[PDB]
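Take a look at the structure below.
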Amino acid sequence: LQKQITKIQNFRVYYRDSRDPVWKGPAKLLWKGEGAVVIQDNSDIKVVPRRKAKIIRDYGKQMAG
Amino acid sequence: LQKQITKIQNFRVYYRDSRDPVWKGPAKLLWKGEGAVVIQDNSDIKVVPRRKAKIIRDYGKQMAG
Amino acid sequence: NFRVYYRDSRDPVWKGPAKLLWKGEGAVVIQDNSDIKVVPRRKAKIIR
Amino acid sequence: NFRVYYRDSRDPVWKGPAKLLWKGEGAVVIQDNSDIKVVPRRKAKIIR
Amino acid sequence: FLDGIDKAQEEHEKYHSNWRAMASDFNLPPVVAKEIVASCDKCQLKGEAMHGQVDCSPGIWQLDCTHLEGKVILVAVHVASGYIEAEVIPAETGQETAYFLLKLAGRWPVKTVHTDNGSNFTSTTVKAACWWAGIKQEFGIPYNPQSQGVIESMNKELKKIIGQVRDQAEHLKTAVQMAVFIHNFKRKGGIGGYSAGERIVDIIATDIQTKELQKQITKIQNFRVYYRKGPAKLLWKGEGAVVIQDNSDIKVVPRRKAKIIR
Amino acid sequence: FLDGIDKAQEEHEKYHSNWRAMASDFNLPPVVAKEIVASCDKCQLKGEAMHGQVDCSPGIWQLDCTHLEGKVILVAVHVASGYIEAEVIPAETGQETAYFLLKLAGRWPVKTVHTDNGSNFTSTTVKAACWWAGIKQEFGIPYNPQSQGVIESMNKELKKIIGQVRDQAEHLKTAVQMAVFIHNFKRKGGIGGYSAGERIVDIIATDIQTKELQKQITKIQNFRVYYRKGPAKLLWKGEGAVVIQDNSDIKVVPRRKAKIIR
Amino acid sequence: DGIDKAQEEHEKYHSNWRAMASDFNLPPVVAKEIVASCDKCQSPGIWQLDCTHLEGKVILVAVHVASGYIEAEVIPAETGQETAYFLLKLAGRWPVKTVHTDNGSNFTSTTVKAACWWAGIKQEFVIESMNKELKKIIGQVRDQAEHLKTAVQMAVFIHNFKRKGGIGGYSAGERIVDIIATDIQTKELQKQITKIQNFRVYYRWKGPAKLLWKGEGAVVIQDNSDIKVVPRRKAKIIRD
Amino acid sequence: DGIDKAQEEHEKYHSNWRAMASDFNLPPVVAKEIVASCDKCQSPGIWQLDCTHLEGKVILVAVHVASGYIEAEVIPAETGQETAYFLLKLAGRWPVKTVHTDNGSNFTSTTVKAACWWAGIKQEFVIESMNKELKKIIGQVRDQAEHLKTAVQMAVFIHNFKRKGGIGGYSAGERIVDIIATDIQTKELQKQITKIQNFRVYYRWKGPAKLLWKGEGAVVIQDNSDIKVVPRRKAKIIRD
DNA sequence: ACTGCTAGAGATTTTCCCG
DNA sequence: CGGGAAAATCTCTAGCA
DNA sequence: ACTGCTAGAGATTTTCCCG
DNA sequence: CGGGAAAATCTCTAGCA
Ligand SMILES: Nc1c(C(=O)NCc2ccc(F)cc2F)c(=O)n(O)c2ncc(CCS(=O)(=O)c3ccccc3)cc12
Ligand SMILES: Nc1c(C(=O)NCc2ccc(F)cc2F)c(=O)n(O)c2ncc(CCS(=O)(=O)c3ccccc3)cc12
Ligand SMILES: [Mg+2]
Ligand SMILES: [Mg+2]
Ligand SMILES: [Mg+2]
Ligand SMILES: [Mg+2]
Ligand SMILES: [Zn+2]
Ligand SMILES: [Zn+2]
Ligand SMILES: [Zn+2]
Ligand SMILES: [Zn+2]
């Protein structure tokens with residue numbers, strides 16, 4: 001369970017707010033629902049809509065991690 | 001002479017730099033030439049081209065001054 | 001209640017006022033002369 | 001010496017390279033095939 | 001300045017002054033002159049200076065027909081990744097669009113398709129192919145191509161790449177597929193320094209893996225949270241915050257304020 | 001990675017990869033992949049992401065013909081102030097443009113006129129009227145209306161105001177002059193909270209008054225400055241800086257660094 | 001502090017508020033109140049319109065009577081429609097407030113009356129000497145143009161910007177620009193006075209003084225027809 | 001610090017670097033070097049192409065042999081022009097590296113050879129069972145479509161996303177997405193290894209160790225075929 | 001060697017007004 | 001000094017063929 | 001009830017690399 | 001810690017009918 005939580009926290013999320021057209025950086029994924037995505041960006045827990053988020057696992061993880 | 005210098009310093013200049021499209025605020029006019037305008041904005045003496053400057057005497061000088 | 005003035009379809013003339021039925025992020029749903037229209041918020045102005 | 005690639009007149013195709021004769025704030029004067037053209041800097045790219 | 005309101009109104013019915021002109025000429029406060037402007041129906045001629053934000057889900061695709069050399073190219077983009085699929089079609093009918101869309105849905109997991117209100121996409125033929133493949137159809141607001149701002153942008157980029165490889169091929173369809181190759185695999189940059197094909201594989205694999213991981217997390221982490229109230233589904237127990245979901249509302253709570261039972 | 005340079009070149013001649021794709025695929029540093037892209041003539045397809053800045057002098061005017069209701073409106077704007085002068089003309093010839101321009105130069109101190117390359121403005125008739133009135137003619141770069149971005153913007157605004165007063169008049173020329181009235185005197189806002197007529201009166205009066213004040217200052221303040229060198233015209237002696245002019249170069253100098261003689 | 005010196009120089013010289021607000025670095029409302037409390041002391045918008053006749057054509061001439069700045073057009077007919085078009089053009093070009101005409105059939109038309117009503121121009125019922133000078137310049141420059149209206153606009157150019165005179169040696173365009181800048185300053189001072197004529201200040205607590213200036217740290221008021229400067233926290237301003 | 005535990009679990013179990021880089025929070029170059037120094041241990045781009053015949057029409061079928069993901073088109077003729085078009089479409093859609101064909105006249109054409117040369121596809125000279133399953137699904141869904149190519153694309157949909165099986169119960173589309181994501185990770189690790197295979201590190205000063213990882217405060221090197229972690233200032237990295 | 005700008009609509013910051 | 005409130009400024013967009 | 005975006009070109013900030 | 005240098009990020013534009 002805790003290993004699966006740390007596994008799902010390895011994914012990066014690129015998100016946007018409602019009136020800012022630029023994409024915010026790689027937030028840490030905390031929870032994924034069907035319509036909402038709970039992330040941690042800039043040590044702030046945020047709730048993004050599912051339509052406003054691109055969740056990847058950046059495969060330049062072969063250096064960092 | 002000094003009264004004429006303080007008279008010419010009462011005019012306000014709205015200027016622009018070469019790669020900033022927005023108009024900077026009411027700088028104090030110090031010297032006016034045929035192709036250059038020496039101003040004092042933000043306690044910084046600047047030299048603006050004549051084509052990049054709008055020199056007015058704001059007639060809402062009937063309050064301040 | 002709101003008044004919406006809008007720009008609709010291949011027409012630079014602005015219509016309105018209309019009743020604001022829905023205000024979403026990005027677009028609005030309005031009702032002008034018993035006609036329901038979806039207008040983007042760039043082509044609409046809402047006054048309370 | 002510089003190479004200027006430009007976009008000239010009612011034509012989406014990009015021409016070049018040309019010799020940069022003058023680079024001003026806002027526009028450039030270039031020479032392509034012994035033809036001197038004044039191109040805005042939005043429609044021109046200069047490479048050293 | 002109550003007489004100034006009447007005089008500013010009867011000059012706004014002539015000149016349609018803005019609020020600053022009436023506030024200067026009739027000594028009105030700015031709220032009163034703004035109310036004189038805002039009551040004139042002839043002066044509401046400008047919209048809100050913003051832009052919307054398209055649906056960047058992993059299932060949404062944006063389709064559009066573009067034209068080049070007297071031929072019609074039907075293009076689709078994956079909005080989350082930028083992965084394109086284009087094809088030169090003989091005509092811009094819906095019978096030829098439904099074949100492209102059924103083929104695309106057979107290739108990739110297409111969940112939603114966002115088009116404009118072109119007859120090709122608005123037809124009953126594309127409506128039956130989407131019902132068969134299980135695709136949801138979204139249509140943009142008419143005469144507003146900004147709603148399709150991804151695919152139209154990709155239209156530009158597609159034509160750009162065709163202009164670089166038009167001489168490497170004899171027919172336009174070959175150059176279109178060559179440009180699809182170059183965009184999907186030979187142009188890197190974006191959110192992960194990826195090409196579009198690497199990004200769509202990463203996005204779809206991430207969606208599958210995160211759905212599996214969350215389905216395995218929420219079946220084992222079966223807790224309830226009382227904050228401030230009532231029971232709530234625990235979504236994420238952190239060290240300084242707790243994310244819950246009650247009344248279909250995902251809400252973040254300070255760690256001082258909640259406690260988790262069960 | 002020297003073999004990677006050759007392989008990246010021979011794949012850029014096929015695919016025209018950007019620099020990030022070649023730097024990822026062939027392990028090149030970014031400067032080398034950027035040099036492979038920058039040597040391809042087929043890949044220079046984008047210009048500099050900036051804009052220029054038009055001449056905002058007190059003497060420059062920008063003229064343009066716009067069209068409304070099948071009629072031609074010749075519009076002029078004072079670029080420094082926004083003051084417009086428009087007139088419905090019978091035809092878009094240069095004989096009718098030179099009359100408008102000679103009339104405008106008789107009304108206001110017109111020193112320079114910036115137009116596009118319309119035949120009206122490019123003619124020998126407007127060239128003789130400008131020579132008579134002493135006006136300098138500047139022409140924008142062809143098929144680039146951004147060079148006339150003031151007057152074109154005013155074109156928009158002029159038509160906007162005509163759309164608000166089209167029903168107050170019977171003919172278009174009356175509504176055009178009514179809109180010129182409303183823009184020049186009933187729309188406030190800008191650099192001084194002014195209307196366009198107040199701003200042009202302020203700008204021209206300021207130009208006259210500052211020219212007189214500087215002509216009276218520089219005939220009495222006849223000094224010379226040695227800084228760091230050589231003699232230089234003293235322009236402005238301040239408390240922490242000294243502005244001079246030597247070799248036709250206006251230069252600001254610290255007060256520690258210069259000393260003023262004569 | 002310079003209010004006192006301005007009051008003594010006004011009781012000595014009866015100076016305008018322009019001189020007192022510049023020789024003593026005063027706000028113009030304070031110097032305006034100094035010159036307004038003195039009992040000893042208790043036009044830019046006027047144009048004049050006429051029609052001349054030359055070579056069978058009719059020329060509408062408008063003269064700014066304060067500066068001599070002319071504005072003339074060859075009109076196709078001496079009709080109230082053409083006169084209303086000329087007046088609407090002139091009102092959109094300059095701040096016109098009153099025209100003085102000569103009881104002509106084209107000046108008392110309903111079309112000119114509606115044009116003056118729309119632009120806010122008073123219509124009342126120098127000019128002949130200006131028409132004489134304009135006809136002299138038209139006769140001077142008639143050889144330089146093919147048509148008459150070109151020669152009329154050339155003469156308007158020469159009169160407004162090439163003929164100088166008066167006391168300072170300025171042209172008519174410089175004179176109308178200075179006169180209308182002075183009128184803008186006058187209207188801005190009247191707006192600034194009307195903005196604070198509805199205030200009453202209670203200071204030190206003595207009676208309702210009238211506010212003249214509200215600065216960054218001090219207010220300037222007038223009580224018992226004499227002016228005093230009060231600190232900001234030692235005053236209460238009530239809009240009444 | 002977890003390099004030692006990973007080396008002991010590899011000498012016990014012969015684990016892949018995927019397991020060692022995840023069970024011990026290692027960089028993948030370090031676990032790759034652990035599994036590469038072990039002497040005991042010393043396909044996603046392959047497609048297979050065929051042409052089937054149904055109702056007098058010819059169907060080009062490409063099968064990803066690692067996942068079973070099919071891609072089929074009714075082509076108007078069994079011509080190398082149509083085959084080259086199919087291959088260029090497939091190469092633009094998926095990362096194709098090798099196709100396996102059956103020495104046909106349309107597969108050994110010069111047009112297909114030029115298409116494989118342009119897209120960088122090796123051409124070498126499962127598939128029949130996949131054609132049998134695809135023909136079974138086409139016969140299942142032939143009643144739902146008017147034309148054959150619609151039924152072929154419907155069967156490609158049903159095979160790739162509606163038929164599940166294998167060990168995990170995944171469809172062919174999920175399997176090809178996981179396989180190609182694994183290939184992207186493999187190519188990224190090879191790029192990361194090739195980026196630092198040209199470096200030599202002098203540490204503590206002992207000999208030229210090879211660099212495995214250069215972190216924020218420490219470097220990880222391998223000297224004398226054993227791995228050690230060194231501080232950043234106690235190492236000198238020379239590109240040679 | 002020449003050149004985007006302008007005004008309005010919201011949003012956010014900054015200054016004022018008295019306690 | 002401290003909150004509201006109002007003014008000022010910043011951001012951003014259409015339309016100009 | 002729906003919605004501008006994308007990639008390149010410079011400019012500026014930020015991080016790295018050794019002393 | 002300190003300069004260069006290089007990478008990263010920010011800004012901004014055309015074209016998409
Ligand atoms: N296109 C013209 C626009 C225009 O596009 N406005 C939209 C626009 C878009 C962007 C922007 F920033 C501002 C902007 F206004 C325009 O406003 N005006 O006034 C024009 N006047 C005349 C001619 C034809 C020149 S020519 O054919 O006679 C020739 C050219 C060169 C050499 C010889 C002859 C074109 C135009
Ligand atoms: N105008 C179209 C553009 C376009 O303008 N691109 C330029 C552009 C400008 C700005 C921007 F942000 C992006 C952008 F691309 C376009 O790209 N596409 O694909 C279109 N496809 C089809 C139709 C006709 C719709 S209809 O007549 O069939 C109808 C409408 C409503 C109801 C019924 C029928 C128009 C367009
Ligand atoms: Mg379309
Ligand atoms: Mg389109
Ligand atoms: Mg033009
Ligand atoms: Mg124009
Ligand atoms: Zn109005
Ligand atoms: Zn290239
Ligand atoms: Zn007096
Ligand atoms: Zn092993």
Side-chain angles (χ1 to χ4, degrees), chain C residues 3-24 26-47, chain D residues 12, chain E residues 41-54 62-68 70 72-75 91-94 97 113-124 126-127 137-156 159, chain F residues 65-73 145 152-167 172 175 179:
Chain C
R3 293 179 283 134
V4 191
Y5 299 86
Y6 62 100
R7 181 177 65 83
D8 193 29
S9 81
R10 296 288 296 275
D11 213 6
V13 70
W14 278 68
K15 318 173 190 168
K19 295 178 72 173
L20 183 75
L21 303 184
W22 179 76
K23 185 209 181 189
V28 288
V29 170
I30 59 174
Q31 186 175 32
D32 198 1
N33 302 334
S34 72
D35 282 300
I36 289 181
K37 304 169 173 190
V38 193
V39 179
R41 274 169 53 165
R42 294 177 292 115
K43 319 188 188 180
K45 178 182 180 181
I46 316 169
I47 318 175
Chain E
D41 283 355
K42 295 205 176 69
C43 282
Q44 332 288 337
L45 302 174
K46 214 191 188 313
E48 193 183 336
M50 53 97 71
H51 271 281
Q53 282 177 355
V54 309
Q62 273 189 11
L63 272 78
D64 198 16
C65 280
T66 197
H67 295 253
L68 191 59
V72 183
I73 312 160
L74 183 42
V75 197
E92 216 181 342
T93 71
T97 302
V113 159
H114 183 86
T115 58
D116 42 8
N117 288 263
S119 64
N120 4 335
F121 313 112
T122 306
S123 62
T124 60
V126 190
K127 189 182 191 308
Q137 265 177 313
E138 296 269 16
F139 298 99
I141 288 162
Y143 315 107
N144 178 54
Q146 276 89 353
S147 312
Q148 301 95 38
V150 193
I151 181 62
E152 304 283 345
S153 178
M154 292 310 191
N155 279 356
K156 179 198 83 66
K159 294 174 144 211
Chain F
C65 280
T66 197
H67 295 253
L68 191 59
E69 292 168 44
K71 291 176 167 298
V72 183
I73 312 160
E152 304 283 345
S153 178
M154 292 310 191
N155 279 356
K156 179 198 83 66
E157 182 184 351
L158 183 63
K159 294 174 144 211
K160 206 161 165 183
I161 305 177
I162 292 163
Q164 318 190 232
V165 295
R166 196 54 200 86
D167 55 354
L172 186 61

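Computed over heavy atoms, backbone and side chain alike; hydrogens, waters and symmetry mates excluded. Below, chains carry the letters A, B, ... as their sequence lines are ordered, and counting in each starts from 1.
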Subject >> By salt bridge (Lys or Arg N to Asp or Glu O under 4.0 Å) - contacts of C:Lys43 (at least two apart) >> reply: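 In terms of salt bridge (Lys or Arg N to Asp or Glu O under 4.0 Å), with neighbours along the sequence ignored, C:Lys43 is linked to no residue.
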Original post:
Of all residues at least two apart in sequence or in a different chain, which pass the salt bridge (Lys or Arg N to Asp or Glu O under 4.0 Å) check with C:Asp32?
Top reply: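 By the salt bridge (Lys or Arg N to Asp or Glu O under 4.0 Å) rule, C:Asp32 matches no residue at all.
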**OP:** Using a 4.5 Å cut-off on heavy atoms from C-beta on, say whether the side chain of E:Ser147 contacts that of E:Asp116.
**Re:**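 No, too far: nothing below the 4.5 Å cut-off.
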Original post:
Hey, does E:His51 have a side-chain heavy atom less than 4.5 Å from the side chain of C:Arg42?
Top reply: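 In short, these two side chains touch, coming nearer than 4.5 Å.
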Subject >> Evaluation steps, side chain to side chain contact (heavy atoms under 4.5 Å, CB included), between F:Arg166 and F:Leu172 >> reply: CA-CA 7 Å; F:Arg166 196 54 200 86; F:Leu172 186 61; 3.8 Å; yes
Show the nearest heavy-atom pair for residues [X] and [Y], with the distance to one decimal.
X        : Y        : value
E:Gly47  : C:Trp14  : N-CH2, 3.3 Å
C:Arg7   : C:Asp11  : CG-O, 3.6 Å
C:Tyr6   : C:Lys37  : OH-NZ, 2.9 Å
F:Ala179 : F:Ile162 : CB-CG1, 3.7 Å
C:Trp22  : C:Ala27  : CZ3-O, 3.7 Å
C:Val38  : C:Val29  : CG2-CG2, 3.9 Å

**OP:** Test E:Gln148 against E:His114 for side chain to side chain contact (heavy atoms under 4.5 Å, CB included), laying out the working first.
**Re:** CA-CA 7 Å; E:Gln148 301 95 38; E:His114 183 86; 3.6 Å; yes
Subject >> Identified side chain to side chain contact (heavy atoms under 4.5 Å, CB included) counterpart of C:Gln31 within the set C:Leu20, C:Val4, C:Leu21 >> reply: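 Among C:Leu20, C:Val4, C:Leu21, the one that satisfies the side chain to side chain contact (heavy atoms under 4.5 Å, CB included) with C:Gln31 is C:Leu21.
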For the atom pair [atom1] ([X]) and [atom2] ([Y]), what is the distance rounded to the nearest 0.5 Å?
X        : Y        : atom1 : atom2 : value
E:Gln137 : E:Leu63  : CD    : CG    : 10.0 Å
F:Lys159 : F:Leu68  : NZ    : CG    : 5.5 Å
E:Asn120 : E:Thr115 : CG    : OG1   : 8.0 Å
C:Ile30  : C:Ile46  : CD1   : CD1   : 9.0 Å
E:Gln62  : E:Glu152 : CD    : CD    : 8.5 Å
C:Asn33  : C:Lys19  : CG    : NZ    : 12.0 Å

**OP:** Go through the steps to decide whether E:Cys65 and E:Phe121 satisfy the test side chain to side chain contact (heavy atoms under 4.5 Å, CB included), and finish with yes or no.
**Re:** CA-CA 9 Å; E:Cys65 280; E:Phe121 313 112; 4.2 Å; yes
Original post:
If only atom types and distance count, is the side chain of E:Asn117 paired as donor or acceptor with the main-chain N or O of E:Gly140 below 3.5 Å?
Top reply: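 Yes, the answer is positive, given that a donor and an acceptor are paired below the 3.5 Å cut-off.
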